[PDB]
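Chemist: Provide a 3D model corresponding to the input given below.
(chains A, B, C, D, E, F and G, ligands or ions: 9)
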Amino acid sequence: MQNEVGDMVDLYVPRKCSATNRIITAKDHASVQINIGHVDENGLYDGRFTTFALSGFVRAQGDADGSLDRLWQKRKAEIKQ
Amino acid sequence: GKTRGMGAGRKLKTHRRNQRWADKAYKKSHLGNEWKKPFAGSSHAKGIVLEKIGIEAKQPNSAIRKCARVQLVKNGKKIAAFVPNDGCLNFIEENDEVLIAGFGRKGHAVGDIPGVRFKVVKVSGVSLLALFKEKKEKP
Amino acid sequence: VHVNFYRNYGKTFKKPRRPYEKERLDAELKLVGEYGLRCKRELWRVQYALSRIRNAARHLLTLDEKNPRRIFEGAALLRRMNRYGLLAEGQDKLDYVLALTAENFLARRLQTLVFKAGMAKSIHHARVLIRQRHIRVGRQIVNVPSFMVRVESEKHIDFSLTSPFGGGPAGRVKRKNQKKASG
Amino acid sequence: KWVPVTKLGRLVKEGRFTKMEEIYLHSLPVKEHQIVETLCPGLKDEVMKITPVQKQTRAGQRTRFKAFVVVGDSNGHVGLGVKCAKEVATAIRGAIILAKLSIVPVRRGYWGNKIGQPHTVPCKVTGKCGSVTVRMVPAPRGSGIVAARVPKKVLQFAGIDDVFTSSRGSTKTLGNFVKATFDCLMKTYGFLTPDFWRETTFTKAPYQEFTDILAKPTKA
Amino acid sequence: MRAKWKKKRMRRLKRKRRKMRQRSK
RNA sequence: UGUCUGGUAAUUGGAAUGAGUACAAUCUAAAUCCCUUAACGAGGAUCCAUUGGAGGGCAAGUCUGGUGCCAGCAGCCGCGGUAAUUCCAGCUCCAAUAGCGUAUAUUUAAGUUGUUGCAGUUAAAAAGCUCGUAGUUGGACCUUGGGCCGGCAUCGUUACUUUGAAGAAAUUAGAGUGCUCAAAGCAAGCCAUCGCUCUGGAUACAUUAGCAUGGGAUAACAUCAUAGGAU
RNA sequence: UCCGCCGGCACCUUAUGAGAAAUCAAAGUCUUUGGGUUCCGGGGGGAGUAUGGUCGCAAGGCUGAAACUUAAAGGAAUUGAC
Ligand SMILES: [Mg+2]
Ligand SMILES: [Mg+2]
Ligand SMILES: [Mg+2]
Ligand SMILES: [Mg+2]
Ligand SMILES: [Mg+2]
Ligand SMILES: [Mg+2]
Ligand SMILES: [Mg+2]
Ligand SMILES: [Mg+2]
Ligand SMILES: [Mg+2]
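Modeler: Numbering: from 1, shown residues only, chains lettered A, B, ... in the order given. Ligands and ions are numbered 1, 2, ... in the order given. I have put the structure below:
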């Protein structure tokens, strides 16, 4: 992770699932990433979006929909809707 | 499964003591029967050539192994000892002085020879290897 | 009782577990070839000494920093390394000594230093010259090619005064030739 | 010579990438073997075994040779390929292709100190393939690889310098042995160390931020 | 050979041995 | 094409040296070995390296001649029935090298004795079933806020943990030290002395049991409402 | 008839689990190995045999070896052949 100099030593920093926090392996082909766009007061897509990542485990469980719905309800509060 | 109590040292020790006996090697060593073998816990032995014999090699092999029936001088037991290095049966004569050794598998028959666990190492105080390579002559 | 029985004694090489491996055999033969050795024992003993040193260093590094039984022998080990020309002045930590390797030791042999000092035409000529009593470290004749030189004595290797290569009388071959040419 | 057939290869061929760690970052399914040729600079290939397997037919025994190949420069990338073919040449070539297709990244940590050039697995990692379980445990700087010939080759190609290995099960089975070794080398990047749990930021995937050149510029 | 009949043969051998031993005490 | 680099020749040259021999001195109670050294002492430098192998495990030959399921080899798998990569030999090559082969015993390998750490549906392995004493194992609950930072008693007992003491040397680990190096030894080192460094001859560990100091979290014993209690 | 709770015999689907696999919702929570406790196995034979002890009228039961022999015996699944 961090050397005594203070530099990176691993090749890359992985993503971790936004629901179960477990990391996403480079060979996890069931892991997906959704960008949810935001709108304006009239209802116009403004080109910016909120990004979530789901690991293969949570998807195969079948709790991907509930976890993503809960994440969106929680996250939209800070940035309005 | 296992007894994991901190106060259960005696149970574990006694159980292991009982269960060591199922081991083949431990039971072989700690039963004391190794002293009833012809060598009586010795690496080599010495003997008198009672006769020269041949044994047919076990199937699917087909050959005649030139063994020798000898009698140990330390306890009087009669054992068959292999004679390797072709032509080395000629060096052995009757009632001759030989040094016998194990065959290699620690009390087990070696190769296709049926029931032979010893090999002749020396004859008349001379090694079979020296006679075979003509380094020494039988006295 | 025999008092001579009380003299301690030990062995210095170990032999490998797997005797027939191609890559290890070629590695060892490579090292032997350009370090001018005699057999695999001359290298196995160096490996044994390095293994002992590395084991000591690893045991030391497992202790707490504020442990005196770490500080004292850490200082001693680093002192020995800096004394024998193994660790550089930029490596004064117990971690660097774990990174030592066999060629570091083989670079400090008297034969290697004689070859690298330009006094020998080849690393085999160096060993031949060493074993023929032509080399003195400081003021002392040395005829042991495995003599591990220290940094403070690195500047004193020179052909001996008695040696014909250091200002001695001609050897029996040259003297015999002069005798032949005399008459 | 090469005509890319997938979005990732079509994206790579003109040079929209430097390394392959971004492909790992989004866990993209690499499916063309020229991608790893172009991205990873150094690749070395040694075949491990050529095992003849047989199927008994009415006439006789149809024999096919199955070859094992290990790929990867000794700088954190390694891959494993298995291919069974009619004769050894195509088996070896296809196994090389599969191994190059299956390259994964390995995580290298430190034993007790952070003097540069990490040399060891970061944690205690295990891998099971049927019955063969292999374990590697961190080792100090001067230990070297402590393993049988097969894990030694795999770890040398992975770039590991020192490690302590164990084994359980029928390790005589080369396929399972090497598959367990490679599998747990994949797991090395899976443990959640306390340093990794800084909150994650998200980056556009190659399929999403290169949409401009992927709508209908078919091959021009 | 069926192990049931091997057990029966062993039982016959055991009873015959017992009779022989009772003959001579 | 070019020059340099690198490798082989019972080819040609010179130099070098110790194994050996030997005055001599030294060593030694007296001898001898070593160390030192006159003179002699290497070209096929005959001053001649050996032990096991060459199918796999396992580094090294599908070379040549002999034998023909014989003789034999082979730790295991296996080889030999007229083309033997495995036997008997020659050549070549391989591993270790002044060391190597063989037999027994046992440590590893063996997570195939498993406390760490194995197993029990079908591979060997849950008792036909229940009760049951010893053994092993046993729910939760009782100081926290509190900051600061020579006397003198008479007492629940232990396990645990800390610190100390006492603890034979030798061996092991380990500091110093150039016996020419090393295995060793506990020596030595230096101005060039009618001597000095007070020269050094460190330090750990050493289960369990025993002695003593602090800690009271986790545990075991009986103590718990006829007040026969404390003041 | 509908809903719910506790207790029981089972059944169906699916691993994200385990396993050599068949398969198992327990045969899962195991090299990331430790909830308590009893019994019990150590390659295949010889052999549940010999002998001693002990219970039974007997048939028999409980406990139970060794010499010797052997490089396989065995489990699950696969393709053929029958
Ligand atoms: Mg030959
Ligand atoms: Mg080979
Ligand atoms: Mg031939
Ligand atoms: Mg077992
Ligand atoms: Mg059965
Ligand atoms: Mg069974
Ligand atoms: Mg039952
Ligand atoms: Mg409690
Ligand atoms: Mg058995």
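Chemist: near RNA strand F, which residues of chain D?
Modeler: Within chain D, the positions near RNA strand F by Cβ under 7 Å from any atom of the strand are D:166-168. For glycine as for every other residue, the C-beta is placed from the backbone atoms N, C-alpha and C.
Chemist: Most neighbours among the residues you listed, please name it.
Modeler: Ranked by the number of neighbours (other Cβ atoms under 10 Å in any protein chain shown), the residues of chain D next to RNA strand F place residue D:167 first, at 17 neighbours.
Chemist: now the residue nearest the centre of chain C, which residues is it bridged with?
Modeler: Nearest residue to the geometric centre of chain C (Cα atoms, centre = their mean): residue C:109, 3.0 Å. Beta bridges link residue C:109 to residue C:148 when assigned by DSSP bridges.
Chemist: distance of it from residue C:84?
Modeler: Distance, residue C:109 to residue C:84, using Cβ to Cβ, to the nearest Å: 11 Å.
Chemist: Spit out the residues that contact the two alike.
Modeler: residue C:148 (Cβ atoms under 8 Å, 6 or more residues apart in numbering or on different chains).
Chemist: For chain C, just list every one of the helices.
Modeler: Along chain C, the stretches classed as helices by DSSP state H are C:22-35, C:41-61, C:68-83, C:94-98, C:102-106, C:110-116, C:123-131, C:172-182.
Chemist: Need those in TSV (columns: distance to RNA strand G and mean neighbour count).
Modeler: Shown next, in TSV, are those (distance: least, Cβ to the nearest atom of the strand, whole Å; neighbours: other Cβ atoms under 10 Å in any protein chain shown):
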stretch	distance to RNA strand G	mean neighbour count
helix C:22-35	27	13
helix C:41-61	20	17
helix C:68-83	27	14
helix C:94-98	23	20
helix C:102-106	31	18
helix C:110-116	43	22
helix C:123-131	46	18
helix C:172-182	66	9
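Chemist: So the helix or strand hosting residue D:65, near chain A or not?
Modeler: Per DSSP states H and E, residue D:65 falls inside strand D:61-71. No. Against chain A, strand D:61-71 shows no contacts by Cβ under 8 Å from any Cβ of the partner chain, the least distance being 15.1 Å.
Chemist: How about stretch D:199-212?
Modeler: Yes. Using Cβ under 8 Å from any Cβ, stretch D:199-212 reaches chain A at D:200, D:202, D:205, D:208.
Chemist: Kindly format the C-alpha coordinates of that stretch as CSV.
Modeler: Only the C-alpha atoms of stretch D:199-212 are listed here, as CSV (Å, rounded to 0.1, in the frame of the first residue of the first chain):
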residue,chain,number,x,y,z
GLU,D,199,-13.8,5.5,0.9
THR,D,200,-13.8,4.7,-2.8
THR,D,201,-14.1,7.2,-5.7
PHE,D,202,-15.6,6.1,-9.0
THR,D,203,-14.2,6.5,-12.5
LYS,D,204,-15.9,6.2,-15.9
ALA,D,205,-15.5,2.7,-17.5
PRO,D,206,-13.8,2.5,-20.9
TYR,D,207,-17.2,1.6,-22.4
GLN,D,208,-18.7,4.8,-21.0
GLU,D,209,-16.1,7.5,-21.4
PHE,D,210,-15.1,6.4,-25.0
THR,D,211,-18.7,6.4,-26.3
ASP,D,212,-17.8,9.1,-28.8
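Chemist: hmm, who's touching it?
Modeler: A:13, A:15-16, A:18, A:33, A:35, A:51-53, D:7-8, D:11, D:16-17, D:22-23, D:25-26, D:28, D:214.
Chemist: Would you give the sheet partners of the very next helix or strand once past the strand holding residue D:65, along with the direction of each?
Modeler: Downstream of strand D:61-71, the first helix or strand assigned by DSSP H and E is strand D:77-85. The strands beside strand D:77-85 in its sheet (DSSP bridges) come out as strand D:61-71 (antiparallel), strand D:104-105 (antiparallel).
Chemist: what's the neighbour count on residue D:136?
Modeler: 27.
Chemist: isn't residue A:5 right up against residue D:117?
Modeler: No. Between residue A:5 and residue D:117 there is no contact under Cβ atoms under 8 Å: 11.5 Å.
Chemist: OK, contacts around whichever residue of chain C sits closest to RNA strand F?
Modeler: At 2.1 Å from RNA strand F, residue C:171 is the closest residue in chain C, using Cβ to the nearest atom of the strand. Contact partners of residue C:171, counting by Cβ under 8 Å, 6+ apart, are residue C:164.
Chemist: What's the separation between the most centrally placed residue in chain D and residue D:31?
Modeler: The centroid of chain D falls nearest to residue D:79 when counting by Cα atoms, centre = their mean (2.3 Å). Noted for residue D:79: a distance of 14 Å to residue D:31, by Cβ to Cβ.
Chemist: so what sits against both of these two?
Modeler: Counting by Cβ under 8 Å, 6+ apart, the shared contacts of residue D:79 and residue D:31 are residue D:101.
Chemist: and the strand holding residue D:65, how far from the chain's centre?
Modeler: Averaging C-alpha positions (Cα atoms, centre = their mean, to the nearest Å) puts strand D:61-71 19 Å from its chain's average.
Chemist: who has more neighbours, residue A:5 and residue D:117?
Modeler: Per other Cβ under 10 Å, whichever of residue A:5 and residue D:117 has more neighbours is residue D:117, with 11 against 8.
Chemist: in chain E, what residue is nearest RNA strand F?
Modeler: Closest point on chain E to RNA strand F, by Cβ to the nearest atom of the strand, is residue E:3, at 12.6 Å.
Chemist: what about that residue, how many residues close to it?
Modeler: Neighbours of residue E:3 using other Cβ under 10 Å come to 7.
Chemist: OK, contacts around it?
Modeler: Residue E:3 neighbours (Cβ under 8 Å, 6+ apart): none.
Chemist: any idea how far residue E:9 is from it?
Modeler: 10 Å.
Chemist: now swap in residue C:154 and tell me
Modeler: 90 Å.
Chemist: for residue D:156, same thing?
Modeler: From residue D:156 to residue E:9 the distance is 63 Å (Cβ to Cβ).
Chemist: more neighbours, the two?
Modeler: Per other Cβ under 10 Å, whichever of residue D:156 and residue E:9 has more neighbours is residue D:156, with 19 against 11.
Chemist: what's the nearest residue to that one if we skip its chain neighbours?
Modeler: Of all residues not flanking residue D:156 in the chain, residue D:74 sits nearest, at 6.3 Å (Cβ to Cβ, 6 or more residues apart in numbering or on different chains).
Chemist: The one you found contacts residue D:159, correct?
Modeler: Yes. With contact defined as Cβ under 8 Å, residue D:74 reaches residue D:159; the gap is 4.2 Å.
Chemist: By residue count, what's the longest strand in chain B?
Modeler: Secondary structure of chain B per DSSP state E: the longest strand is strand B:44-56.
Chemist: CA atoms only: put it into PDB for me.
Modeler: Extracted as PDB, the C-alpha positions of strand B:44-56 are listed here (Å, rounded to 0.1, in the frame of the first residue of the first chain):
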ATOM      1  CA  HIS B  44      25.100 -57.600   9.600                       C
ATOM      2  CA  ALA B  45      25.700 -61.200  10.600                       C
ATOM      3  CA  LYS B  46      28.100 -64.100   9.900                       C
ATOM      4  CA  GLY B  47      27.400 -67.600   8.800                       C
ATOM      5  CA  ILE B  48      28.300 -70.900   7.200                       C
ATOM      6  CA  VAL B  49      27.200 -71.800   3.700                       C
ATOM      7  CA  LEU B  50      25.000 -74.900   4.200                       C
ATOM      8  CA  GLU B  51      24.200 -75.300   0.500                       C
ATOM      9  CA  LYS B  52      23.800 -73.500  -2.800                       C
ATOM     10  CA  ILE B  53      20.300 -73.200  -4.200                       C
ATOM     11  CA  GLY B  54      18.300 -71.500  -6.900                       C
ATOM     12  CA  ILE B  55      14.800 -70.000  -6.700                       C
ATOM     13  CA  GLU B  56      12.600 -69.300  -9.600                       C
END
